[PDB]
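In the text below, chain A, chain B and the rest are named by the order of the sequence lines, each starting its count at 1. First listed ligand is number 1; within each ligand, the first listed atom is number 1. All values below come from the heavy atoms of this structure, side chains included, with hydrogens, waters and symmetry mates left out.
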Number of protein chains: 4
Amino acid sequence: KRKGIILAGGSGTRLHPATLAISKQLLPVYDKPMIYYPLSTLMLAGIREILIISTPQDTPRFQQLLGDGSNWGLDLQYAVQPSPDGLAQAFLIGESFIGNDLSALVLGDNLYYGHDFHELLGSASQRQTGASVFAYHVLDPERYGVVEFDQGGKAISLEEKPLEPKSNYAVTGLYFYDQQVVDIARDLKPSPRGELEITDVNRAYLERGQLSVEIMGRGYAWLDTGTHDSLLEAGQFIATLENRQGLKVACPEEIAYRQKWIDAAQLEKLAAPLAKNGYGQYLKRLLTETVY
Amino acid sequence: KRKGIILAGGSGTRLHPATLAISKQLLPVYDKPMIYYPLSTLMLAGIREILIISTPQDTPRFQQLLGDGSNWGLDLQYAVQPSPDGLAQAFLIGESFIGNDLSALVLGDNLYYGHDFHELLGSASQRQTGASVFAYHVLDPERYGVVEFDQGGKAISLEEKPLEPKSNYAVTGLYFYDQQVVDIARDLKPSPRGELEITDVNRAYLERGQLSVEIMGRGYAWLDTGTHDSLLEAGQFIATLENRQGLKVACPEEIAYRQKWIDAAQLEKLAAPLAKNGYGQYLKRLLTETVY
Amino acid sequence: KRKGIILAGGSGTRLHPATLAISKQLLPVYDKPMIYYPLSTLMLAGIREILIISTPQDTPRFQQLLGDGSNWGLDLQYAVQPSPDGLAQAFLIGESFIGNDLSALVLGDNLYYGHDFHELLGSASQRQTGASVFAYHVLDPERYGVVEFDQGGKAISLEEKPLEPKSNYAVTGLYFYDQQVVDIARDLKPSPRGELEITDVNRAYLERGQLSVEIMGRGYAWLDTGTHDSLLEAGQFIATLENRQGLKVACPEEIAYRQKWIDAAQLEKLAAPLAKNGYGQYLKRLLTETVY
Amino acid sequence: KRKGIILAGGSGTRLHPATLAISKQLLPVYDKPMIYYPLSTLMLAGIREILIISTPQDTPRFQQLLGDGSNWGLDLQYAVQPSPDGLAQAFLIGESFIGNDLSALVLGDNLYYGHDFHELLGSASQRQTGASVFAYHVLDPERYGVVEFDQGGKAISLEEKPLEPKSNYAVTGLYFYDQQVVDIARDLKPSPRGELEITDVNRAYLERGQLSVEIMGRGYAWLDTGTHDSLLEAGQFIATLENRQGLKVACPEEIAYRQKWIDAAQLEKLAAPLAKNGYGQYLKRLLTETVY
Ligand SMILES: Cc1cn([C@H]2C[C@H](O)[C@@H](CO)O2)c(=O)[nH]c1=O
Ligand SMILES: Cc1cn([C@H]2C[C@H](O)[C@@H](CO)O2)c(=O)[nH]c1=O
Ligand SMILES: Cc1cn([C@H]2C[C@H](O)[C@@H](CO)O2)c(=O)[nH]c1=O
Ligand SMILES: Cc1cn([C@H]2C[C@H](O)[C@@H](CO)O2)c(=O)[nH]c1=O
Ligand SMILES: Cc1cn([C@H]2C[C@H](O)[C@@H](CO)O2)c(=O)[nH]c1=O
Ligand SMILES: Cc1cn([C@H]2C[C@H](O)[C@@H](CO)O2)c(=O)[nH]c1=O
Ligand SMILES: Cc1cn([C@H]2C[C@H](O)[C@@H](CO)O2)c(=O)[nH]c1=O
Ligand SMILES: Cc1cn([C@H]2C[C@H](O)[C@@H](CO)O2)c(=O)[nH]c1=O
Ligand SMILES: O=P(O)(O)O[C@H]1O[C@H](CO)[C@@H](O)[C@H](O)[C@H]1O
Ligand SMILES: O=P(O)(O)O[C@H]1O[C@H](CO)[C@@H](O)[C@H](O)[C@H]1O
Ligand SMILES: O=P(O)(O)O[C@H]1O[C@H](CO)[C@@H](O)[C@H](O)[C@H]1O
Ligand SMILES: O=P(O)(O)O[C@H]1O[C@H](CO)[C@@H](O)[C@H](O)[C@H]1O
């Protein structure tokens, strides 16, 4: 078993004033709330016990949206981050939830998509030691954690938002950890940025030779909804795929069902209330259509 | 003086599950909350005393977002609609707010844009008799109120969502009324749809020869965000204009400044808490730029 | 009697490799060739006699697409620009075509759209002395002819691509001239960047107190297809309008019919060969539907 | 040894009037001509010897855009298809080019993208007996060749544009064939639509138990640029990927270099004439960056 966390707080300042009305993680990416996407990432990694961390004001809305997750065969729990003082705080806030288990953290505004993503998640999730992170070639690596490799392809340094990146490979917002993470987070001090950085967590594993950095190839989409423009692009991306395929990206209900965490009758039940719109009609179609 | 009403309730069924998260009128259109758009419409019609109607769960969140309106030189009030039992219910809920004044109703998910919109609005709003509605050529008139004209261009019938529309002219979700509307709404009975219909209101006016139907030409954009696809498209439309012009559509702060409802000093104050993003930067820039 | 010129040449080094295949003005913007847009602008300005300038290689193409114009009630003529040595060259190449008449120049990659644009063009067209241009607020004025206004809104200076723009107002690619333009253009010497600049022609009028600069308001859309991104956005812009309205933008046959330049009968013959697709069906519908 | 064919002709039919001036396969998909996309698919499949088939009027245009291929390490040949009389005509027109070799056909308006596409292609290319095709779940299967599967996942029938489709799986425009294909195509009679159908070619192999139908999973994008709306969607799709990643899709120069069909000296010589725009800057960057 691994336990997962979604970090779905922050201010969403870049998204002002849209986010005055509410969390960037409840606004829609095309047809469904942003949070569905990372939730689904965790689900596809075989994780069913998940803690959602948000701001004090938006926590209740997540709870209304998602509940305890039992309807979807999950065990969802909630905690508050008082202030967005770093990714690594997820491990302090979530210490008791983690207990002595393997864990995973996904950022609330990250969206992933691509052929065999299930396998890429499984590989990381099934490991039982160290840390795993994913490196993705981006245009503006300065906005992210940046991994440098040597000539042989081995990662040699990490830097958080460097003005002068040492490569174009960003560390994405998905991280898998062994039982060493909590203790590492606890010994962290705030960065000059004023945050407890996930990059310092990861450097600590790197230093001990225990960070696995796996390339996420160009054939995958890793997007993030942090800007007005990026959020619209993500929306359009999802739209184009779903209207082409007649299939939906990141339907928790679908994923649950395919993973056998809920059964046909349960799914039919989930569909009923949503039946007056296309999402409901889609859940129903899933009962009598085989999709490879 | 004319008083305004924003109907910002409904279930937003077509946007499920995105709207299980929050009211459709709190979702963004590109860069700002949907409600900014109809609010701006009323503002551009010279209306500053506005009633916002929403559901029992969301009415307070709109209150949370916009407060009493004084920071923007407006007088905003709030009322709850217990069930989305029809647009015409705005006049019963809003009966005491209206008093013996002229009124205007704008729908929460309607977005307008175009050259001389201010003039178009002013003309309807400055009339002191009958009713005024706007007729816009659409692809799928079956989804709206439809107005049929004689050979002479005079409006001769209205039908709500006809299976066989008599024309391609839709009645947009903006309505201006004299003192007769409250009594007309109070006598309406539910339609076969189970709704108290604005179309029936407008018909009563038409029957007494007191309905002005003005054409809103093809040069204007009238959009509604009722479906996932249309919400996205409105987002892209707005983004294209804004990214081209370096001007923003339906920024209430800007419009209030321009109508002299607030002065330079007030605007500098509104910009301050927003200064860390592009939207606050833009309000600041307006203090030192003449825009024609 | 005013004659039109469409300047549709230009290096394709930029949008290479897209434009290695097809010159820019032959590429579509959503559903019809780019040149339809500026062609429609001239038509909406009441101009029937039009000269299309392209590269030597592209003139046959333009001719194949458009012909002599007679089927749309136009008089189209063609000329070549060997080298893209400046917009003002259009008046040297077009000297014989213009003769002793008033003229208008439109850029081949410029798309305009908005309420009462007809009336806007008319105001410039009716002026018989001097020149008329339009000013549009843009995000990146450094990329255009920039017009500076004094505190009372009078145009006081023009600079082509200033490093330090004096305003955010661009002079758009739509220019109206009296009889003086050809001699002005003859006297011009190339600018530092080596082009015979339209900005210089406009300044010659300005220095004589004969330049009328009109504001093209923010309710108008003025787009150019100069970048991959900007072409894309212009495509989505037209698509949203067209799909919303069930009406099409810059359809020359429609414009010609509305202007009485061709009759019902002529339009039905234009429609027949296009009848298997949407565009021909749209033209047919125009025959049986009144559009205000 | 497998040879390739791109079929890049076609009525033009619809996209009128966008395609009066030129063929659909020369239109840009965001930043490069559409033909680059299927061209790159064959390249990614390890195919260097390719035949491009088009119309009398367009074949030349393709030749001018791409030449003989030698600068990209390719051997490109051209042939004309007099009338768009069916996809299986490619095997007639292409008979001498193919000789006794294995072959692959791709449709000129098909765009594929996804993680491990190269491995997907390889799998099919390495099967030297019979045929291989791909099945992709779509919303409107009635537009395509449709493939039906039994309860156990085996392909059991094909139907071209069926009125009542038996599944939602379309056969994509990418086909691998052994030596039997030419004769199979030779023996075909046109269908009740008037075409020599690839679906009949495919059926022929199926009826011999020699058709391999592989699932192309939902993690892949398979788009058809055959409508106005679909071309725009594909453009946005590419743009979103390229702008997020700083890597281009279907850049033949890159693919050639990565396959070692050209060396760095060659790649630099290709970058030179494009150096004044982003495209050439990208090529140059590829000489000094490792991309995984
Ligand atoms: C810095 C920080 C970000 N976030 C959220 C916002 C986004 O979903 C994501 C990336 O910033 O993390 C938090 O929830 N807490 C924090 O301390
Ligand atoms: C099976 C399945 C996959 N996916 C996603 C995971 C991948 O990014 C992609 C390919 O499996 O689709 C869903 O979003 N829902 C699903 O039910
Ligand atoms: C029918 C109905 C709609 N609405 C809102 C939803 C949209 O913004 C719009 C049109 O359905 O009005 C209400 O607020 N109350 C209602 O009773
Ligand atoms: C003046 C002004 C106009 N607008 C809108 C009103 C019209 O639809 C268009 C042209 O004035 O722009 C704004 O959104 N904000 C403004 O400050
Ligand atoms: C500079 C120049 C541009 N152009 C065209 C390309 C575009 O449509 C536009 C603006 O750069 O004018 C010419 O046709 N000739 C020229 O000499
Ligand atoms: C009347 C008409 C206008 N237009 C454009 C001109 C303007 O930008 C807008 C408003 O009339 O629509 C067309 O494209 N075609 C037409 O037939
Ligand atoms: C039917 C047909 C299609 N095509 C092309 C047009 C498109 O790219 C594709 C599928 O319609 O094949 C031909 O080149 N020749 C043909 O005979
Ligand atoms: C290696 C490489 C892949 N691709 C495409 C192929 C696949 O669809 C995707 C993943 O390798 O990207 C390119 O377009 N160019 C390339 O250079
Ligand atoms: O989004 P943030 O909190 O500015 O940055 C976070 O985002 C990225 C993922 O989206 C990560 O690579 C960064 O290392 C992390 O700090
Ligand atoms: O959106 P609704 O509740 O189905 O319909 C409402 O909105 C339309 C505008 O959006 C109007 O034409 C209809 O007359 C009105 O009933
Ligand atoms: O596109 P160009 O030749 O760099 O620029 C031209 O186009 C602009 C509008 O499209 C004008 O404002 C410029 O004055 C003119 O030089
Ligand atoms: O586009 P067409 O010629 O109608 O159809 C062709 O294209 C499709 C892919 O684009 C295939 O599934 C069809 O079997 C083929 O006949």
Side-chain angles (χ1 to χ4, degrees), chain B residues 114-115 217-220, chain C residues 6-12 14 23-25 34-38 40-41 43-44 53-55 58 81-90 93 105-121 143-144 173 193-198 220-221 224-226 238 241-242 245 247-259 286 291-292, chain D residues 7 10-11 13 84 86-88 106-111 133-136 138 141 143-147 158-161 170-175 191 193 195 197-200 202 222-226:
Chain B
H115 184 55
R218 72 203 287 169
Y220 291 95
Chain C
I6 306 177
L7 191 66
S11 103
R14 173 161 306 183
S23 104
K24 166 163 66 182
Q25 311 79 163
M34 192 173 296
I35 195 158
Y36 280 27
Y37 297 86
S40 76
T41 295
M43 295 168 71
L44 285 162
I53 303 174
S54 195
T55 60
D58 292 325
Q81 180 177 37
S83 187
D85 295 347
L87 306 186
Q89 280 198 315
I93 295 161
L105 172 64
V106 72
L107 302 184
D109 73 355
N110 276 218
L111 203 152
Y112 297 89
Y113 198 82
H115 178 61
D116 276 9
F117 183 58
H118 180 60
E119 288 82 349
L120 179 64
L121 290 168
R143 291 186 33 232
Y144 300 105
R193 62 145 174 185
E195 316 267 355
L196 288 161
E197 307 283 358
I198 200 73
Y220 291 101
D224 60 77
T225 60
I238 299 296
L241 289 163
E242 284 188 349
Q245 290 174 355
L247 294 176
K248 289 189 177 14
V249 177
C251 161
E253 311 94 322
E254 163 171 22
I255 288 163
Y257 178 69
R258 284 177 82 76
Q259 312 212 145
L286 288 198
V291 183
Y292 309 101
Chain D
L7 194 52
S11 263
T13 314
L87 310 178
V106 71
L107 296 182
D109 72 351
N110 273 220
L111 194 164
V133 306
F134 306 87
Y136 191 85
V138 297
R143 303 167 46 211
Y144 301 97
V146 173
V147 62
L158 302 169
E159 278 183 344
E160 176 70 8
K161 299 176 174 82
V171 171
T172 84
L174 180 60
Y175 318 87
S191 69
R193 298 167 59 204
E195 314 299 292
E197 306 285 2
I198 199 71
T199 291
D200 286 348
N202 300 333
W222 171 55
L223 315 171
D224 162 2
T225 52

Review point. For the ring pair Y113(C) and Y220(C), is the centre-to-centre distance below 6.0 Å?
Key: no

Can you pull out the closest protein heavy atom to [atom]? Residue, atom name and distance to 0.1 Å, please.
atom                     : result
atom 11 (O) of ligand 5  : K24(C) NZ, 4.6 Å
atom 15 (N) of ligand 5  : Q81(C) OE1, 2.8 Å
atom 14 (O) of ligand 12 : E160(D) OE1, 2.9 Å
atom 13 (C) of ligand 12 : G145(D) N, 3.5 Å
atom 3 (C) of ligand 5   : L87(C) CD2, 3.7 Å
atom 6 (C) of ligand 6   : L44(C) CD1, 3.6 Å
atom 14 (O) of ligand 6  : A250(C) N, 2.9 Å
atom 10 (O) of ligand 12 : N110(D) ND2, 3.1 Å
atom 4 (N) of ligand 6   : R218(B) NE, 4.2 Å
atom 9 (C) of ligand 5   : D109(C) OD1, 3.9 Å
atom 12 (O) of ligand 12 : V171(D) O, 2.8 Å

Point to revise | Sub-4.0 Å protein heavy atom near atom 7 (O) of ligand 12 | key: yes

Given [options], which one has a non-hydrogen atom that is nearest to [atom]?
atom                    : options                            : answer
atom 2 (P) of ligand 12 : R143(D), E197(D), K161(D), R193(D) : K161(D)
atom 10 (C) of ligand 6 : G114(B), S40(C), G114(C)           : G114(C)
atom 1 (C) of ligand 6  : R258(C), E119(C), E253(C), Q259(C) : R258(C)
atom 5 (C) of ligand 6  : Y113(C), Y220(B), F117(C)          : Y113(C)

Check your understanding: Should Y144(C) and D224(C) count as side-chain neighbours, where that means a heavy-atom distance under 4.5 Å?
Key ->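 Yes, at least one pair of side-chain atoms sits under 4.5 Å.
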
Practice item. Kindly indicate whether the side chain of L120(C), heavy atoms from C-beta on, has any atom under 4.5 Å from the side chain of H115(B). Key: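 SC-SC contact between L120(C) and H115(B) ruled out.
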
Can you give me the closest heavy-atom contact between [X] and [Y], atom names plus distance?
X       : Y       : value
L107(D) : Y175(D) : CD1-OH, 3.9 Å
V171(D) : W222(D) : O-CH2, 4.4 Å
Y292(C) : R258(C) : C-NH2, 3.9 Å
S191(D) : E197(D) : OG-OE2, 2.7 Å

Point to revise | Within reach of ligand 5, part of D85(C) (heavy-atom separation under 4.0 Å) | key: backbone

Review point. Heavy-atom contacts under 4.0 Å between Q89(C) and ligand 5: side chain, backbone, both, or neither?
Key: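 No part of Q89(C) comes within reach of ligand 5.
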
**Study point:** Test of proximity, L107(C) against ligand 5: N or O pairs below 3.5 Å
**Key:**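 Looking only at distances, the answer is no, because the N/O contact criterion of under 3.5 Å is not met.
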
Point to revise | N/O separation below 3.5 Å, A8(C) to ligand 5 | key: no

Check your understanding: Looking at ligand 6, does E254(C) have a heavy atom less than 4.0 Å from it?
Key ->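 A heavy atom of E254(C) does come that close to ligand 6.
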
Review point. By number and element, which atoms of ligand 5 are closer than 4.0 Å to a non-hydrogen atom of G86(C)?
Key: 17 (O)

Practice item. Check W222(D) against ligand 12 and report side chain, backbone, both or neither, counting heavy atoms closer than 4.0 Å. Key: side chain

Point to revise | For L87(D), atoms of ligand 12 separated by under 4.0 Å from a heavy atom | key: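 Near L87(D), meaning under 4.0 Å from one of its heavy atoms, ligand 12 has 6 (C), 15 (C), 16 (O).
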
Point to revise | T199(D) neighbourhood, listing ligand 12 atoms whose heavy-atom distance to it stays under 4.0 Å | key: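 Reading through ligand 12 atom by atom, the close ones are 14 (O).
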
Practice item. Just jot down the ligand 6 atoms closer than 4.0 angstrom to any heavy atom of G219(B), in number order. Key: 10 (C)

Practice item. Evaluate side-chain hydrogen bond (donor to acceptor under 3.5 Å, both in side chains) for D58(C) paired with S23(C), printing each intermediate quantity in order. Key: CA-CA 7 Å; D58(C) 292 325; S23(C) 104; 3.2 Å; yes

